[PDB]
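This is final-v6.cif (mmCIF, C-alpha atoms; chains and numbers go by the auth columns).
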data_input
loop_
_atom_site.group_PDB
_atom_site.id
_atom_site.type_symbol
_atom_site.label_atom_id
_atom_site.label_comp_id
_atom_site.label_asym_id
_atom_site.label_seq_id
_atom_site.Cartn_x
_atom_site.Cartn_y
_atom_site.Cartn_z
_atom_site.B_iso_or_equiv
_atom_site.auth_seq_id
_atom_site.auth_asym_id
ATOM 1 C CA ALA A 1 87.941 112.193 90.095 0.00 52 A
ATOM 2 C CA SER A 2 90.097 115.216 90.867 0.00 53 A
ATOM 3 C CA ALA A 3 93.701 115.749 89.830 0.00 54 A
ATOM 4 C CA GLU A 4 95.498 114.783 93.049 0.00 55 A
ATOM 5 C CA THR A 5 93.752 111.399 93.399 0.00 56 A
ATOM 6 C CA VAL A 6 94.597 110.455 89.798 0.00 57 A
ATOM 7 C CA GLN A 7 98.133 111.802 90.270 0.00 58 A
ATOM 8 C CA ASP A 8 98.896 109.757 93.389 0.00 59 A
ATOM 9 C CA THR A 9 96.821 106.746 92.239 0.00 60 A
ATOM 10 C CA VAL A 10 97.602 105.984 88.575 0.00 61 A
ATOM 11 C CA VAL A 11 100.560 108.107 87.486 0.00 62 A
ATOM 12 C CA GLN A 12 102.706 107.121 90.517 0.00 63 A
ATOM 13 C CA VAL A 13 102.728 103.421 89.740 0.00 64 A
ATOM 14 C CA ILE A 14 102.733 103.639 85.914 0.00 65 A
ATOM 15 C CA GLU A 15 105.594 106.166 85.918 0.00 66 A
ATOM 16 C CA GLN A 16 107.249 103.964 88.570 0.00 67 A
ATOM 17 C CA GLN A 17 107.197 100.958 86.255 0.00 68 A
ATOM 18 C CA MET A 18 108.101 102.872 83.079 0.00 69 A
ATOM 19 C CA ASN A 19 111.645 103.399 84.228 0.00 70 A
ATOM 20 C CA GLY A 20 114.072 100.614 83.436 0.00 71 A
ATOM 21 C CA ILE A 21 113.331 100.759 79.720 0.00 72 A
ATOM 22 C CA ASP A 22 116.707 101.068 78.032 0.00 73 A
ATOM 23 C CA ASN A 23 117.513 104.072 75.811 0.00 74 A
ATOM 24 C CA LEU A 24 115.282 106.723 77.394 0.00 75 A
ATOM 25 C CA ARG A 25 115.514 110.498 77.287 0.00 76 A
ATOM 26 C CA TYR A 26 112.882 111.741 79.786 0.00 77 A
ATOM 27 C CA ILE A 27 109.643 110.414 81.303 0.00 78 A
ATOM 28 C CA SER A 28 107.052 113.155 81.870 0.00 79 A
ATOM 29 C CA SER A 29 103.372 113.174 82.774 0.00 80 A
ATOM 30 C CA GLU A 30 100.190 115.235 83.106 0.00 81 A
ATOM 31 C CA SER A 31 97.102 114.734 85.315 0.00 82 A
ATOM 32 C CA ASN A 32 94.071 116.806 84.362 0.00 83 A
ATOM 33 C CA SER A 33 91.033 118.019 86.305 0.00 84 A
ATOM 34 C CA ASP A 34 88.136 116.314 84.500 0.00 85 A
ATOM 35 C CA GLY A 35 89.622 112.828 84.967 0.00 86 A
ATOM 36 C CA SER A 36 91.941 112.886 81.964 0.00 87 A
ATOM 37 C CA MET A 37 95.522 111.651 82.346 0.00 88 A
ATOM 38 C CA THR A 38 98.476 111.220 79.996 0.00 89 A
ATOM 39 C CA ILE A 39 102.121 110.123 80.179 0.00 90 A
ATOM 40 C CA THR A 40 104.452 111.070 77.311 0.00 91 A
ATOM 41 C CA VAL A 41 107.638 108.996 77.507 0.00 92 A
ATOM 42 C CA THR A 42 110.398 110.181 75.160 0.00 93 A
ATOM 43 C CA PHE A 43 113.106 107.955 73.666 0.00 94 A
ATOM 44 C CA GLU A 44 116.482 108.964 72.272 0.00 95 A
ATOM 45 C CA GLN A 45 116.816 108.979 68.512 0.00 96 A
ATOM 46 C CA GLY A 46 117.958 105.916 66.674 0.00 97 A
ATOM 47 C CA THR A 47 115.185 103.738 68.125 0.00 98 A
ATOM 48 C CA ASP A 48 112.512 102.170 65.909 0.00 99 A
ATOM 49 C CA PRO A 49 109.228 103.341 67.517 0.00 100 A
ATOM 50 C CA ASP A 50 107.334 100.047 67.104 0.00 101 A
ATOM 51 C CA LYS B 1 73.947 97.785 110.772 0.00 252 B
ATOM 52 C CA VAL B 2 71.967 100.531 112.500 0.00 253 B
ATOM 53 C CA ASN B 3 68.345 100.790 113.648 0.00 254 B
ATOM 54 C CA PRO B 4 66.274 104.002 113.370 0.00 255 B
ATOM 55 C CA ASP B 5 66.551 104.496 117.158 0.00 256 B
ATOM 56 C CA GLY B 6 70.258 105.297 116.793 0.00 257 B
ATOM 57 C CA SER B 7 71.696 101.992 118.023 0.00 258 B
ATOM 58 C CA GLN B 8 74.491 100.967 115.688 0.00 259 B
ATOM 59 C CA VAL B 9 77.190 98.373 115.069 0.00 260 B
ATOM 60 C CA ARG B 10 80.513 99.733 113.823 0.00 261 B
ATOM 61 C CA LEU B 11 83.401 97.598 112.604 0.00 262 B
ATOM 62 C CA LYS B 12 84.642 97.967 116.167 0.00 263 B
ATOM 63 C CA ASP B 13 83.688 94.918 118.284 0.00 264 B
ATOM 64 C CA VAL B 14 83.274 92.853 115.087 0.00 265 B
ATOM 65 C CA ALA B 15 86.759 93.058 113.594 0.00 266 B
ATOM 66 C CA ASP B 16 90.346 93.974 114.537 0.00 267 B
ATOM 67 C CA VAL B 17 91.389 96.536 111.923 0.00 268 B
ATOM 68 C CA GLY B 18 95.155 96.975 111.655 0.00 269 B
ATOM 69 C CA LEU B 19 97.802 97.131 108.937 0.00 270 B
ATOM 70 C CA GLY B 20 99.568 93.926 107.920 0.00 271 B
ATOM 71 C CA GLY B 21 101.052 92.169 104.890 0.00 272 B
ATOM 72 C CA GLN B 22 99.853 90.829 101.547 0.00 273 B
ATOM 73 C CA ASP B 23 101.183 87.281 101.779 0.00 274 B
ATOM 74 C CA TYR B 24 102.499 85.789 105.020 0.00 275 B
ATOM 75 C CA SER B 25 103.520 82.480 103.423 0.00 276 B
ATOM 76 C CA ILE B 26 107.119 83.487 102.627 0.00 277 B
ATOM 77 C CA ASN B 27 109.249 84.319 105.673 0.00 278 B
ATOM 78 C CA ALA B 28 112.944 85.165 105.410 0.00 279 B
ATOM 79 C CA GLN B 29 115.744 85.645 107.935 0.00 280 B
ATOM 80 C CA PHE B 30 119.318 86.936 107.697 0.00 281 B
ATOM 81 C CA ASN B 31 121.471 85.612 110.591 0.00 282 B
ATOM 82 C CA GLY B 32 118.388 85.618 112.828 0.00 283 B
ATOM 83 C CA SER B 33 117.118 89.040 111.860 0.00 284 B
ATOM 84 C CA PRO B 34 114.049 89.359 109.598 0.00 285 B
ATOM 85 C CA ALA B 35 114.928 90.560 106.130 0.00 286 B
ATOM 86 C CA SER B 36 113.624 91.320 102.663 0.00 287 B
ATOM 87 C CA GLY B 37 115.462 92.748 99.703 0.00 288 B
ATOM 88 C CA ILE B 38 115.630 93.652 96.039 0.00 289 B
ATOM 89 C CA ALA B 39 116.950 91.342 93.318 0.00 290 B
ATOM 90 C CA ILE B 40 118.386 93.869 90.863 0.00 291 B
ATOM 91 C CA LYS B 41 118.881 92.718 87.274 0.00 292 B
ATOM 92 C CA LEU B 42 120.845 94.564 84.592 0.00 293 B
ATOM 93 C CA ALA B 43 119.268 96.312 81.619 0.00 294 B
ATOM 94 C CA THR B 44 120.517 95.418 78.156 0.00 295 B
ATOM 95 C CA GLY B 45 123.384 97.625 77.037 0.00 296 B
ATOM 96 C CA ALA B 46 124.712 98.914 80.346 0.00 297 B
ATOM 97 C CA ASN B 47 128.119 98.791 82.010 0.00 298 B
ATOM 98 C CA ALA B 48 127.781 96.767 85.219 0.00 299 B
ATOM 99 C CA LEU B 49 130.627 98.240 87.283 0.00 300 B
ATOM 100 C CA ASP B 50 129.378 101.823 87.426 0.00 301 B
ATOM 101 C CA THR B 51 125.823 100.447 87.667 0.00 302 B
#
Kindly return the structure encoded in the file as structure tokens.
Amino acid sequence: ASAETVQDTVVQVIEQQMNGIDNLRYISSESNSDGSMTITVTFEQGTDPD
Amino acid sequence: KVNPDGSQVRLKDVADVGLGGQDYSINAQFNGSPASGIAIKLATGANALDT
């Protein structure tokens, strides 16, 4: 599918739910043309990544 | 369904398409007026007053 369908279909609700995690820095995303999609959520330092 | 003559059956006159709710089983009122709302918790490690 195209970029706008993925962007208002998947990224909306996953980025909606991935607030409310404590100790965040910024929640950013990316919705590509060929059906790829990624969300890179960044935590402040002093948090064990596991 | 549709025949090769052109006569067809839409979802008109079979159904009544219109927007509604997921689950009608729970109904809530607030002093007579219909109401729904958010139950907001508190994340761990956060001051509640300015929250």
- prompt: Could you list, as a PyMOL selection string, every residue of chain A that has an atom within 10 Å of an atom of chain B, counting only C-alpha atoms?
  reply: chain A and resi 71-74
- request: Can you work out the spacing between CA of residue 57 (chain A) and CA of residue 270 (chain B) in Å, to one decimal?
  value: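 For CA of residue 57 (chain A) relative to CA of residue 270 (chain B), the distance reads 23.5 Å.
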- prompt: Exactly which residues make up the result of the PyMOL selection byres ((chain A and resi 81) around 10) on this file, given as a PyMOL selection string?
  reply: chain A and resi 54+57-58+62+79-80+82-83+87-91
query: What's the 8 Å shell around residue 252 (chain B), counting all atoms listed in the file, without same-chain residues fewer than 3 positions away, as a list in words?
result: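 Final neighbour list, sorted by chain and number: residues 259, 260 and 261 of chain B.
The gap separating CA of residue 59 (chain A) from CA of residue 275 (chain B) is 26.9 Å, in Å to one decimal.
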message: Just to confirm, what's the straight-line distance from CA of residue 100 (chain A) to CA of residue 70 (chain A) in Å (one decimal)?
response: 16.9 Å
Take every atom of region 260-274 of chain B listed in the file, fit an axis-aligned box around them, add 5 Å per side, and give the centre and edge lengths in Å to one decimal as AutoDock Vina command-line options.
--center_x 89.2 --center_y 93.5 --center_z 109.9 --size_x 34.0 --size_y 22.5 --size_z 26.7
message: Please determine, counting all atoms listed in the file, which residue among A:65, A:76, A:60, A:52 has the shortest atom-to-atom distance to residue 95 (chain A).
response: A:76
